Amino acid sequence: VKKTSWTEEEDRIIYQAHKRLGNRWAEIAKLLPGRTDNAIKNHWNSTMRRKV
């Protein structure tokens, strides 16, 4: 079956950018146009609640 539902690579991208910038989805969202600020923000603060 297809993995989908946020790829492992995308998670690494957001993690790296979040660790350096923070909750600046306004910036991360630019790196991933397909992923809106709301999409990333929600996904992170629900699935990957690892603010560190």
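Rules used throughout
Counting starts from 1 on each chain and follows the sequence as written, independent of the entry's numbering; residues without coordinates are not shown. Note: side-chain values were computed over all heavy atoms of the structure, leaving out hydrogens and water. We count a stretch as a helix when DSSP gives it H or I for four or more residues in a row; a strand needs E for two or more, and each element gets its number in order from the N terminus. Whether a residue is buried, partly exposed or exposed follows from its accessible area with a 1.4 Å probe, protein chains only, as a fraction of its type maximum: under 20%, in between, or over 50%, in that order. Whether two aromatic rings pair depends on their centres lying within 6.5 Å, for rings of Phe, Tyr and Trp, where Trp uses its six-membered ring; planes under 30 degrees apart make the pair stacked, over 60 edge-to-face, and the rest tilted. In this scheme, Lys NZ or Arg CZ marks a charge over a ring once it lies within 6 Å of the ring centre and within 35 degrees of the ring normal. Any carboxyl oxygen of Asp or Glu that lies within 4 Å of a side-chain nitrogen of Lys or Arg is treated as forming a salt bridge with it. Here, the term nonpolar core denotes a set of buried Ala, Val, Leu, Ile, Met, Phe, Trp, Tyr and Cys residues that are joined through side-chain atoms within 4.5 Å. Contacts between residues were defined by any pair of non-hydrogen atoms, one from each residue, lying within 4.5 Å.

This deposited entry lists solution NMR as its structure determination method.

(A) Geometry of unusual backbone geometry. Positive phi outside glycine occurs at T4, with the angle close to 45 degrees. By the secondary structure assignment, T4 is in the segment before α1 (8–20). Here the phi dihedral of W6 falls at roughly 60 degrees; this positive angle occurs in a residue that is not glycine. Its location among the elements puts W6 in the segment before α1. For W6, a relative accessible area of 15% corresponds to the buried category.

(B) Highlighting the packing of aromatic side chains. In total, this model carries two aromatic pairs according to the counting rule given. Ring geometry for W25 versus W44: centroids 6.3 Å apart, planes at 55 degrees, classification tilted. Placement of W25 in helix α2 (residues 25–31) and of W44 in helix α3 (residues 37–44) is noted, with a sequence separation of 19 residues between them. In this structure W44 comes out as buried when scored by relative accessible area, which is 1%. Counting every residue linked through ring pairs, the aromatic cluster contains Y15, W25 and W44. Lying across the ring of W6, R35 places its NZ or CZ 3.4 Å from the centre.

(C) Broad picture of the pattern of salt bridges. A complete count under the given rule lists five salt bridges for this structure. The partner of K41 in a salt bridge is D37, and the shortest N-O contact between them spans 2.8 Å. With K41 and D37 both in helix α3, this residue pair falls four residues apart, about one helical turn. The class for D37 is partly exposed, based on a relative accessible area of 28%.

(D) Main features of the nonpolar core. Within the largest apolar cluster, 10 residues are counted, these being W6, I14, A17, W25, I28, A29, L32, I40, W44 and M48. Those elements giving two or more residues to this core turn out to be α1, α2 and α3. Considering each element in turn, this core owes the most residues, three residues, to α2. Not counting the four nearest positions on each side in its chain, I40 is found in contact with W6, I14, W25, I28, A29 and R35.

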